[PDB]
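Order of writing sets the chain letters: A, B, C, D and E. Residues in each chain are counted from 1.
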Amino acid sequence: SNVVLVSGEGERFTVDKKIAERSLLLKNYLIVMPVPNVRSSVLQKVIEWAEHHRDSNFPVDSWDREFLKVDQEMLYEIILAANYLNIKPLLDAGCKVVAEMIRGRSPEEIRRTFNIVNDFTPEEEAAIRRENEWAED
Amino acid sequence: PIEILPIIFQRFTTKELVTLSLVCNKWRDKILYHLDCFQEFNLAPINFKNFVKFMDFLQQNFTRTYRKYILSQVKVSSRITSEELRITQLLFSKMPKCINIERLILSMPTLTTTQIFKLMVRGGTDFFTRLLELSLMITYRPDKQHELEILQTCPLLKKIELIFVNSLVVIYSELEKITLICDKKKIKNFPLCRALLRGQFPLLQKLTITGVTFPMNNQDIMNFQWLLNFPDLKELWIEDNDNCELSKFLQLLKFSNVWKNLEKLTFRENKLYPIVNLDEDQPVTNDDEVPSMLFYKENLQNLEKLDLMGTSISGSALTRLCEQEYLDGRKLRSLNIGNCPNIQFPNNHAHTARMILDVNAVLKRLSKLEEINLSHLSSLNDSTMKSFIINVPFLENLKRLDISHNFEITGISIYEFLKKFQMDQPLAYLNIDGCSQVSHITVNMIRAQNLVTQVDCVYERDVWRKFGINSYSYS
Amino acid sequence: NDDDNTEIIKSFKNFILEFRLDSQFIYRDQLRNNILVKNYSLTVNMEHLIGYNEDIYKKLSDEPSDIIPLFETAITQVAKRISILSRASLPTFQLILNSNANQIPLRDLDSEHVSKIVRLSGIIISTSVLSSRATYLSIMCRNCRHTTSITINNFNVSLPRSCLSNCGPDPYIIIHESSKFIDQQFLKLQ
Amino acid sequence: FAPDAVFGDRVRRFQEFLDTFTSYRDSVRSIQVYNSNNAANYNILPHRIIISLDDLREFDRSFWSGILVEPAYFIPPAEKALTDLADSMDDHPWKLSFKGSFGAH
Amino acid sequence: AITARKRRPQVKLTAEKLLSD
């Protein structure tokens, strides 16, 4: 029998119980379950992820990285999701995609990528680099 | 979400994360504040001033009243020989007390044992008592036995490696793996000789001694009398130990149930000692008294991997190991007999009968084996390969076949072997590097018709001893 | 470059297959009749080549050392098309030229005639033995045994200087079993 | 096509040829016993056989024309088979020689 | 682990040697 959820915006969803118990806190918080933190679009992405990974085993992923090749801001809102109500495989997927994103990028590349300013006083950024160089390849 | 950030960061490695500290002041703090995101360091090589700034970075960030953090791998090596001393001095002088290096790889070739010992003693950053694994690519000293005192100094040590790149002039329950590697040209004695014969290392799982020179003055060493000290010894690897002999080793194996369990044995003497036959003589003191129980079976009954490359074992000795069922077969999975000049196959008309290998008997005995190595086995001419062709039905488990650096074997034998093997689905992997007689078109046919999933044909590869992978003989 | 070479080859294929006088396809017939008696060559009258398409003769006479091999290639393709069934082997056909152009006496030939087609006459004073020249070299690298082959046309050749992907300084050797050769003779004309 | 894949079949066909025309087996053994006698008796016959090429034609025309037109791929297996025959006789590579009816060759 | 890489040894007059017997 399939469990009926309530999203963090209000509408309902229905999936098989193992699909729902990809959320690890669903076993305790409370065939009906409110899920107060998760956005509608995000909870749909959570559901369709779990509906692909119906039978996946958990004790880099080809399908996740293209499944999540999407808007940076909504994607980071998935990073902000899945944790106040814990959904661990999505955290693993998130780590994988953000690491693959970050891997080659300098400070200025990261500034344009994550869309942020240089928040240092720049001579202090120079100084710390000048105190940091064992990280140089 | 400040709490989950280590899970994100640890997907990316230390130096790279440290560069990521410079993206912005915020993320600089977000990274820096989580000390456990650091679990490996590679300072390999490094110059002195950058190592100063590394030590300084620890002294600023990792300095904490809480006695918490530990580091799982610290590789350090100097860019410059003189600065080797300066880096090591600073390391043992200024390492923060509250922080424990788990595994130290102090690759410092110029430094001597004595100097390393002194730097721990008078450096006094006492983690070196408390680390778990150690490695020392260092200069040996024959004049003093300070390396033994390292073990005495480092009671928590489970895995120790020493790579004595050069020379200049009691119970150890903790230990689990001892790897001793030497430059056979520079090292002209045996470093741990007193320690190994006198002490016991009762939990020692793996032992690996290469390049050392056994003393002539000590038959207790030469007869492997010390080697009785180590029960539970899951694996023994022993290679290029110039004054050892497989004969003395087999004499040990005859006359004690020395090991309850060896999963793997690997013996490789370098120079050609005279023929060793399996010494099946079971003497009687009197026929009124017991024949001496021969412990070859119960010693070798456990083996998965047997490796005897270069060891002058005669072909009959190996057949007797199989006919006696001293080698178990039901448990054996990988056999290496390469470079053994005393092996001849049954089709050879030129022989002395006790050098013959009866491959039909052998492959009947130990049929489930995965991996064979016959490299440098010059005796494996094309005619002799016919014996393997007709014994294909007995080697159905075989996946990996090394016959490389055979200067005789034509592509004819290769092809018909793989073709009859195909009557078993390709062979998984085959190595024929350096085999000057395998025709390039034949191996291209092997690829094209897909008789082997992978086959290596680097004709130009002069040598076989890949360090770490195939051998622990040094360089 | 090989697009233009393909067009030259097609032009010559059309010359063989289309050239006709008084109801007879003289070059198709000559090529077949030569194939039956197993001489793999064709004798071409350059009056006919000029009459067919003078642009072709212009290409040939401008640079015969590049164009003669392409004409020979065209002859091979037509030879197969008129003597081997398409979808149920021959060597590279020699091109022989007949001409009535004005002769240059042997003493007048000089730097202005280099690489031009030339017609002359004289007395043969000597004939050397049949040396062997390669038409096709099977080749491989001495170290990594990279295998390749070089087709050769005898109008002005070498082995490659270094391997086509270390292999050492001068790495290629010939494989004589799968290489192909032809007779070459020297004559001295007085 | 690669020569090694057909070497074994060529070997056994020349072995069947030598078994069929047993005068060559008799010649191999005659040479061997002559050499053994002269070695012990204390002048040596060579390890070489002349095969009538007609015999090889009448046995197998394909192998015969292989010897004629592609000897680099057909003489080594024939000499291997002959060496194996000499090995099969009781107690060094043996070589071949040819006679008869070469035709255009 | 690291198979050997070469370096050039060197010797010069020094105070210890100058203070030897």
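We adopt the following convention: a contact is a pair of C-beta atoms (placed from the backbone, for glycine too) under 8 Å apart; a residue touches a chain by one contact, two chains touch by 3 or more.
Participant: Show which chains lie in contact with chain C and also with chain E.
Facilitator: A chain counts here if it touches both chain C and chain E, which gives B.
Participant: Which chain has its C-alpha centre closest to the mean of all protein C-alpha atoms shown?
Facilitator: Ranked by how close its C-alpha centre lies to the overall one, first comes B.
Participant: Any idea whether B-D or B-C has more C-beta pairs in contact?
Facilitator: Higher contact count goes to B-D.
Participant: Any idea how many Å lie between the Cα centroids of chain D and chain E?
Facilitator: The computed centroid separation for chain D versus chain E comes out at 68 Å.
Participant: How many angstrom lie between the CA centroids of chain B and chain C, rounded to a whole number?
Facilitator: The separation of the two C-alpha centroids amounts to 63 Å.
Participant: Could you put a whole-Å number on the gap between the CA centroids of chain A and chain B?
Facilitator: Roughly 43 Å separates the two chain centres.
Participant: Counting only Cα atoms for the centres, state how far chain A is from chain E in Å.
Facilitator: That gives a centre separation of 58 Å.
Participant: Which label fits the chain touch graph of this model best, line, ring, star, complete or other?
Facilitator: If you draw each chain as a dot and join those that touch, you get a star around one central chain.
Participant: Any two chains that touch count here, so list every such pair.
Facilitator: A-B, B-C, B-D, B-E
Participant: Can you tell me which positions in chain B touch chain E when the two form their complex?
Facilitator: The contact residues of chain B facing chain E are 77, 81, 107, 135, 137, 161, 163, 165, 183, 467-468, 474-475.
Participant: What residues on chain D touch chain B, complex-wise?
Facilitator: 2-5, 7-8, 84, 87
Participant: Of all residues in chain B, which touch chain D in the complex?
Facilitator: It is residues 349, 383, 410-412, 414-416, 419, 439, 441-442, 444-445 of chain B that touch chain D.
Participant: In their shared complex, at which residues does chain B touch chain A?
Facilitator: Residues 1, 4, 7-8, 11-12, 14-16, 18-26, 28, 43, 46, 50-51, 53-54, 56-57 of chain B touch chain A in their complex.
Participant: Can you check the complex and tell me which residues of chain A touch chain B?
Facilitator: 79-80, 83, 91, 94-96, 98-99, 102-103, 106-107, 110-111, 114, 116-120, 125, 128-129, 131-137
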